[PDB]
C-alpha cells in the first residue's frame with residue numbers, strides 16, 4: 001500500500017502547481033535560487049517557466065504537462081547547463097532514434113560538448129552529455145557498465161508515447177532499475193491523469209516530485225468545417241472557444257441535403273498568403289495520388305528554384321554516381337520545382353531530412369504528411385487540413401480519436417510569424433450528429449499502462465542474484481493504478497450494505513416465495529417463447545401487418561406492423577458461420593434524435609415525452625417477443641409521412657377495441673406443434689400459475705409496492721455480490737498466474753533447472769534484446785547455424801524482423817527455403833511446449849509471426865546486386881525495405897558477439913564477414929545532419 005500525499009502549493013494567476021509528498025514529509029516551501037543563473041535567455045519567461053527553473057535550482061524531480069508548442073526544451077537546456085556548470089555528466093534519452101539526430105545537432109551547436117550513442121553510431125563516448133535511446137539504456141542497466149556511478153540528472157521527453165501494448169512496456173523496467181540517488185525531469189503533453197503518475201513516482205523512489213499543469217497558448221487557434229460538396233468555411237470554435245452551434249448545424253444540414261475538391265481547397269487557401277500548409281492522409285498511396293493531382297500549381301520564385309537546385313546539388317554529391325539515377329529522385333525533382341513535396345514511410349532515408357531542412361529554410365509551401373510526421377520534427381506550419389476521419393489501425397477500421405486529432409492540430413501557429421493558427425476539417429459520410437463533436441471538446445487521452453510479460457525480462461531478472469521478478473511485479477504502474485480503485489471499491493461496498501440494511505421491512509417470506517415462483521414462471525415463459533418463434537412454424541405467420549412486439553432486453557419499442565422478412569445470411573462471416581439467420585424489416589416508432597443521425601446504433605425509440613416518428617427498421621428474428629392475430633391494412637406504395645400517420649391512427653383505434661388485451665396466439669393448436677415435451681412445459685406453467693392465483697397474497701392490495709421493494713433489495717444483493725467478486729481480485733495472483741506458467745516452461749527447455757537459477761544455456765538468451773531469443777538459442781544449440789553459408793544464413797534471420805503482411809508470396813529455392821521449413825518445424829515443437837503449460841498460444845499466427853516475404857531480397861542484395869535492380873521483384877515501398885534491415889543489421893551485430901559465448905568462433909566470424917558486405921551503396925549512409 002502506498003503512503004503519499006499532495007500539497008498543491010498556490011500559484012498566482014498562472015499554471016497549477018502540485019507537489020507529491022511521501023507519507024510523513026512536511027512541506028518546506030521552495031527557497032529562492034541563490035547564486036547566478038547557469039544560463040541566461042534573451043526573452044521573458046512565463047510563470048511556469050519561473051516555477052520550473054526554481055524547482056530545478058533545488059535539485060528536485062519535476063513533471064510538466066502542456067502543449068508541445070510551449071517550448072519545454074527551453075527549460076531543459078537550462079538544466080543540462082547546470083550540471084555542466086557543476087561538472088556532472090548528463091544523460092538524455094529519446095524514444096525514437098529519428099529525433100536523436102537533430103537533437104544531438106542542436107546540443108552540439110550551442111553547448112559543443114555532447115555525445116551520441118545509437119545502436120548503429122557511437123560518437124565521442126567521453127562527454128558530459130550522452131544522448132542515447134531508451135532501450136540502449138535498458139541494455140546498459142542490465143550490464144555492469146559502470147557509467148551511472150557519477151550521473152544524477154535524467155531527462156524523459158514525450159513520455160505520453162506510453163500508449164502501446166507492444167513497445168511501451170520497456171520504460172517501466174528502465175525507470176525501476178535506475179538507482180535512488182538520481183534526479184528526474186519529465187516532459188508531457190496535456191494529460192488528465194497527471195497526478196497518479198506523480199504519486200507513483202513519489203512512492204516508487206523516496207523523493208518528492210513537483211507537478212506543473214497549464215494550457216496557455218501564445219497563438220490561439222481557429223476551427224472551420226467543410227462538408228463534402230459546397231463552398232465556404234463554417235467557423236465552429238474560435239480564438240475564444242465558443243461552440244457556435246449554428247455553424248455546425250448549418251454544415252450538417254448542408255451535407256445531409258446534398259447527400260477536384262482538394263484542388264479547390266488548395267486554390268482557395270493559397271490566395272490569401274496562408275502558406276505554409278500541411279495535410280494529413282492516413283493512406284500513403286493517397287499522399288502521392290494527391291501529389292500528382294497537384295501538379296498544376298506553382299509557388300516558387302526563380303531565385304527559389306535556383307536555391308533549391310543548388311542545395312540539391314550539394315546534397316546529392318555524397319550519393320555516389322550510381323545512386324543519383326534512381327527513378328524516385330527523378331520523380332520528385334519536377335514536383336519540387338513547383339513548391340510541393342510529400343513525406344511518408346516508403347521514401348528514401350536521405351530524401352526525408354532533405355525535405356525537412358528545405359521546409360525549415362522556407363521555400364516549399366505545400367507538404368503532404370502521413371501520421372508519423374506530426375510526432376517529432378520541431379518545425380511548425382501555418383495551417384492544417386485532414387482529408388479523412390476514419391482509418392485502419394491494423395486490427396479494424398475505426399474513427400480518429402480525440403488525442404490524435406489534438407496532437408495533429410497542435411502544429412498550426414508560429415509564435416510571431418503568423419497571428420493566428422488555422423485548422424480545417426472535412427466530413428464526407430456518416431458524420432452522425434453525436435460523434436465528432438466530442439473531437440472538439442474532449443481531452444486527448446488518459447494514459448494507462450499495459451505491461452505485458454515477456455521472456456527476456458524474467459531471464460534478465462533471474463540473471464541478477466539479488467533481484468527477482470516477483471519483487472518487480474508490485475512496483476509496476478499496473479499494480480499502482482489497480483491500487484487506486486480499492487478505496488473506491490470498499491467505499492461502494494460499505495455504502496451498498498448500509499443502503500440494503502436501511503430499507504428492510506418485508507412481511508413476510510411468503511413474498512420471497514411468491515417472487516421465486518414468479519421467476520420460475522418467467523423462465524418458463526422465455527423458454528416457451530424460445531420455441532414459438534423458431535423459424536419453422538412462425539414463417540407462414542409473418543404477413544404484412546402481424547403486429548409483432550420487439551424487446552432486445554433494453555427497452556420496449558411498442559407494437560408495430562411487419563413489412564417484409566428475409567433469410568439473408570451473414571456476408572463475410574466473422575469466425576465462420578454454421579446457422580442461418582433471418583432479418584425482419586418491421587415498421588417501428590423511433591425518435592427524432594435517432595433518425596437525425598441514423599448511423600450510430602439504429603436504436604433509442606421515441607420517449608413518451610416526444611411524439612416521435614415512425615420508420616421501418618430491420619430487426620433480428622430472435623427478438624420478436626409477441627406475435628398477434630390482427631392484420632391492419634397497409635397502404636399501397638407509401639414512403640411519405642401522412643399515410644404512416646394514418647397507420648399510427650389505426651394502431652390507435654385498434655387498441656381501443658381490445659381493452660382486456662389483444663389475443664396473440666395459442667401455441668398448442670394455431671401453429672400445429674406435435675413435438676414431445678412441450679406438453680410437459682405447458683403442464684408445468686399451468687401448474688405454477690394455478691398455485692400462483694391460489695395464493696392469498698395475490699388478492700391482498702399493495703402487492704406492487706412490496707414487489708418493487710423486493711426487486712430493489714435483490715438488485716442491491718446482486719450489486720454487492722458483484723462488488724465482492726471484483727474485490728476478491730484486488731491483488732490476487734494478477735499476471736502472477738502466467739508467471740508460474742512462464743517459469744514452468746524454462747525448466748522443460750533446459751534454460752533453467754527446477755531450482756530456478758540461470759544457467760549458461762539461459763545466459764546466451766540474456767545477451768539478446770531484439771527478437772524472440774528462445775528459438776535462436778535452440779538454433780545455436782541444436783546446431784542449425786553450422787553447414788549454412790553466410791549468404792544464405794543472413795536471409796534466414798530476416799524473418800525475425802519482418803512483421804508486415806503482403807499480397808503475394810514469391811517462390812523460394814530449396815537452398816534458401818529448406819532452412820525455412822527447418823525453421824518452421826522447430827517452431828511447432830516449441831509451441832506445443834508452451835501450449836501444454838496452460839499458456840494461451842495459438843499455433844497459426846505463431847508461424848505467421850515470421851513472414852517469409854523478403855529473404856531473397858536480403859540474399860540478392862548480399863550477392864552484388866544493385867539497389868536500382870533489386871527494387872522490382874516485390875510490391876513493397878523501397879523505404880519500407882530500407883529500414884527493415886536496421887534491426888536485422890543490429891541483430892547481426894549482437895549475433896556476432898552471441899556466438900562468442902560457448903567458445904564457438906567458426907560460426908562467429910562467418911556472421912562478422914556477412915555484416916561487412918552489407919553497407920555498400922545507398923542503404924547505410926550518414927544522415928545529412930551527421
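One-based numbering along the chain as shown.
Each Cβ is built from the backbone N, Cα and C atoms, and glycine gets one as well.
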The annotated motif 'DEIH box' range in Swiss-Prot, which must be one of 153-156, 157-160, 161-164: 157-160
Candidate set 324, 437, 492, 611, residue annotated SUMO2 cross-link in Swiss-Prot: 611
Swiss-Prot annotation, SUMO2 cross-link - which of 572, 607: 572
Largest CA-to-CA spread of ATP binders 44, 66, 67, 68, 69, 70, 71, 72, 73, angstrom: 19
Residues of the parent chain within Cβ reach of the motif 'DEIH box' (157-160), under 8 Å, 6 or more residues beyond its termini: 72, 76, 93-95, 171, 186-189, 191, 375, 445, 447
Residue pair residue 572 (SUMO2 cross-link), residue 69 (ATP binding site) - Cα distance, angstrom, rounded: 46
Residue distribution over DSSP helix, strand and coil in the motif 'DEIH box' (157-160): 2 helix, 0 strand, 2 coil
Fewest other Cβ within 10 angstroms of its own Cβ, chosen from the recorded positions 67, 572, 611: 572
Separation of alpha carbons, residue 611 (SUMO2 cross-link) and residue 67 (ATP binding site) (Å): 47
Inter-residue Cα distance where the pair is residue 611 (SUMO2 cross-link) and residue 44 (ATP binding site), in Å: 61
Nonlocal neighbours by CB distance (under 8 Å) for residue 69 (ATP binding site), same chain, sequence gap 6 or more: 217, 218, 219, 380, 410, 411, 413, 415
Collapsed DSSP category at residue 69 (ATP binding site): helix
Rounded to the nearest Å - Cα separation of residue 73 (ATP binding site) and residue 611 (SUMO2 cross-link): 59
Around the Cβ of residue 44 (ATP binding site), the count of other Cβ atoms that are within 10 Å: 6
